[PDB]
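Visitor:
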Amino acid sequence: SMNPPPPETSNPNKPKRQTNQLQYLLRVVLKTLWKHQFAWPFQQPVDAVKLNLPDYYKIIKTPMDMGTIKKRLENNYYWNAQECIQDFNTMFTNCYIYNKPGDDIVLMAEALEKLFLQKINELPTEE
Ligand SMILES: Cc1sc2c(c1C)C(c1ccc(Cl)cc1)=N[C@@H](CC(=O)OC(C)(C)C)c1[nH]nc(C)[n+]1-2
Ligand SMILES: [Cl-]
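This note's numbering numbers the first residue of the sequence shown as 1277 and each following residue consecutively.
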C-alpha cells in the first residue's frame, strides 16, 4: 500500500498575495478549527496505509486537509480568499463522500464545518 504525495504547499509559479481576508482566514478561521476537539483527524493528510483504507485515494481524487491549508496560509500561497475557502470545502466534502451519515468522522466534520460557516459569515470586506 502507498499514499500519494501530499498537496503542494509551495510553488514559485503560483501567483499569490497577502490580503486582509486571507489574514482573517488564518487568525480566525483556521485557528478556531485547529483547536477544536475534533480537529485532529483533519490536521494532516489521510494516511490510507496506516488506517488500512486502500480505496481512499480511488474515491478521493482531490485530497485536502487542514495541515495543508495551515501551511498554505503560513506560506502566503493563496491569491484570494476563495481559493482557501474552496480548500476547506473540499476537505469537508471528501469526508462526506468517503464516509456515511452518522459515522463518528462525519459528526466531527459537521462540527468543524458549523464553526467554519459561522466564521466565514463575517469574512471582512476586502481592504
Ligand atoms: C487520522 C484519521 S483521518 C480519518 C480518521 C482518522 C482516525 C477517521 C476517524 C477519526 C476519528 C474517529 Cl472518532 C473515527 C474515525 N476516519 C477515517 C475513515 C475511517 O472509517 O477510518 C477508520 C476505518 C475508522 C480507520 C477518515 N475519513 N476521513 C478522515 C479525515 N478520516
Ligand atoms: Cl509558493
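Just so it is clear, CB atoms sit at the ideal spot from N, CA and C, and this is done for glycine as well.
#1: Report all residues from its chain with a CB closer than 8 Å to the CB of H1312; omit the five preceding and five following residues, and keep chain order.
#2: Out of curiosity, what's the CA-to-CA distance linking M1384 and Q1299?
#3: Thinking C-alpha only, which one of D1379, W1316, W1355 and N1397 is nearest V1305?
#4: Output needed for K1347: all residues of its chain with C-beta closer than 7 Å, excluding positions within five of it in sequence on either side, in chain order.
#5: Helix, strand or coil for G1378, going by three-state DSSP, please let me know.
Guide: Walking through what the data contain:
#1: Reading the sequence shown from its first residue, position 36 is the one you call residue 1312. Excluding sequence neighbours, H1312 sits near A1387, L1388 and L1391.
#2: Working through the sequence shown from its first residue, we reach residue 1384 at position 108. Working through the sequence shown from its first residue, we reach residue 1299 at position 23. Distance between the alpha carbons of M1384 and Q1299: 25 Å.
#3: For the purposes of this step, residue 1305 is taken as residue 29 along the sequence shown, with counting starting at 1. Nearest C-alpha to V1305: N1397.
#4: As a first step, residue 1347 must be located in the sequence shown, where it is residue number 71. Within its own chain, the residues whose Cβ lies closer than 7 Å to the Cβ of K1347, once the five positions on either side in sequence are excluded, are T1285, listed in chain order.
#5: Position 102 of the sequence shown, counting from 1, holds the residue named residue 1378. Coil, per DSSP.
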